[PDB]
Each structure stands twice: as C-alpha cells, then as structure tokens.
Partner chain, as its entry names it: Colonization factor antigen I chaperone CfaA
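Here we start with a single chain on its own, the form solved without its partner chain, put down as structure tokens.
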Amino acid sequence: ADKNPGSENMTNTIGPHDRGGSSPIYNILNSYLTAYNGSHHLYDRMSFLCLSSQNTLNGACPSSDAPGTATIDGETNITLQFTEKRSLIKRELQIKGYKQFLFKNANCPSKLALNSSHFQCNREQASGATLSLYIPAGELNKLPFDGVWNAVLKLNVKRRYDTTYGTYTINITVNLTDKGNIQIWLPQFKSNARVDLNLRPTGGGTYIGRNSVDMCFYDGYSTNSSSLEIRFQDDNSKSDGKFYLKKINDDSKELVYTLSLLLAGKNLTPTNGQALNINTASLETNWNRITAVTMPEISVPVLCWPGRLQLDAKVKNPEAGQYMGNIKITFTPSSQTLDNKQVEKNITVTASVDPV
C-alpha cells in the first residue's frame, strides 16, 4: 500500500461501441492509487495538472495549483483531442477527472478538482491520494465518423506548490462502429441494379460482351477492418465455378461469362461460389457519399473501399431468345469480437441475341 508517485504509462481501450445507442460512461481510472505513505505526510497534497490550459493536444485543464486556500470540490473538465486513424480527422472530447484523499485514521472521501488545495480530515493530514478519470455518458456520439480514435492524455503529478514527481501518459483508443450501415453501395442504382452484357457479333458465329458495375464496400468502421470477405454466387449448383445466364423460357439453354473485380487497387477474379478473403492493409480508400441503409436515403460521406466489377462474355453457339442471370454479392468485414451478419447485393444481368 506504500507507493511513491512518479511517471507512468498506460493504455486504455474503449468499445467497440456501436452508434446504435447512447454511449455509457467509460472508466479510464477508478480511484487509482497515485501516492501513499504510512509514516510521513509528504503526499498530503497531491495535485494533477494539464500541460496546458489551452492546447488540447494532450488534454487542456487547469495547469497551475489553484491559488485559493479553500478546496475546489467536484470534478475537473479536461478537453482532449482525438485523432481518427484512417482519415486523420480530429475532434475534441470532454474527459472528467478528480482526486480523492486517503487518511490513516479518518475518512473524507470527498471529490476534489485535480488542481485543488488540500484539507485535513478531523485534523489529520492525508497520507496519499487516488485519481479517477472517466468519459461521460454520450460523449462518443460527438465523434463525427466511425473508426478508431486515438488521444494521448498527459497529467503532471506533483506535490502542490512543490516538486513535480512525474507525468502520467494515458493512451486512449476509442473504437466506434456503425454496423447497421455496413453495406455494398451501388453509386448507380437506387434499389436494384441491372445491366446488359452488350452482346456484339463479329468474326463468324462468335459473340462479344462487356459491361461493368461500380461499387463501394463499407465496413461501418472507416475501413479499420483488418480484412474482408467477399463472394459472388449464382444459383446454378455446379463445381464448375462459372457464371451462366439462362434464357427466360427453357432450362439449360445458357451462355457463360466471367467476372473480374478491381478492388481498391487490387485485381481479382472471383469464381462462382468461392469467397475471397482480402487483407485490407494494402487497399486504397475513397470518400464517398452513401445513402444510410436503415433510415431514409439521405447520404452521408464515409471512407470506403472502391470497386469495379467487370463482366466479360464471349460465346459461340448461343441460342435465339433472351438471357438473364443474377449475381449475389455478399460481404462480411472482419470483426474484433463478434461476426458481422453478412450483407448482400443482387445484380440482375441481361443478354441480347440478335437474329439478322
């Protein structure tokens, strides 16, 4: 229980908190012991000071001993700047601090502002102090984007109006998510996306076809997911791994095409029924205004992974009529603790057979 005050480094990880609900209070320090001695009273008047009362880089709050001799009861307001890891956006949150005194033969657990003057409890001088710091309920709602937010909080630990013992460095990481907004976004299509292969005839009974669909993958998390899983599936069970498009009337009268996908800078060739598991470390990200999946269509800018799906179809010995097939894209961004229900998007595909 004896403890001598000096510099310390700590880390603290909050969340994942989903925006779905108002944020709980999170503890950063709960009556953490900063100094205590059984015999002497050197730690009678512990105080804690911010490096600056104006600069919020490492937390802003009083940075001098309170000049009054009467205590300042209650909590201190610390303004601290958080930085979002992938987008580098900055936003300040409030953190709350206070200290409490320990006395060997009495109890005066009253909360004092961090820079407060000391007091005695039934004429006994304190023998140490504890520190608490928490984030008040609902502060997280003020962060403007989903993702990983970092701050580095710094407090000076000192004997009031006396020697400074050291500095406390607390690295706080907030993980903020919006899972109800995980989605595969089609810039070009409001509710359902359908495209034609644009069939062209050349060089004899042979035919061409090529079109593409643009899309974003959003992980609710400003692309802080470590990897992601994508699949393209069409309901024609076969281990052929191919993509068929059938005529609207008769079964097994079908022509085939392939998919290639440019994903955030990476070339891929998905085959039917085979998930891809892509590491996100190398992918690029773009800002895009997406529509909110769950509430109304209004669109809010997020940081997502751009993609372009290309369809290529060449077939000889196609039959007269008209073709259609559907592509089912499913998407599951990696998860720190629990899985994210796979999201999905369907694309309808059309083909034209041209009799003279």
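Positions refer to the first chain, counted from 1.
The protein also exists as the form deposited with its partner chain bound; that form is not presented, and the subsequent description refers to it.
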{"item": "Partner-proximal stretch of 44 to 52, 61 to 69, 26 to 34, 293 to 301 relative to its partner chain in the entry with it bound, 4.5 angstroms, heavy atom", "value": "293 to 301"}
{"item": "4.5 Å heavy atom contact, residue 214 and its partner chain in the entry with it bound", "value": "no"}
{"item": "Proximity of residue 325 to its partner chain in the entry with it bound, heavy atoms at 4.5 Å", "value": "yes"}
{"item": "4.5 Å heavy atom contact, residue 197 and its partner chain in the entry with it bound", "value": "yes"}
{"item": "Any non-hydrogen atom of residue 82 within 4.5 angstroms of its partner chain in the entry with it bound", "value": "no"}
{"item": "Sole residue of 272, 115, 223, 181 within 4.5 Å of its partner chain in the entry with it bound, by heavy atom", "value": "181"}
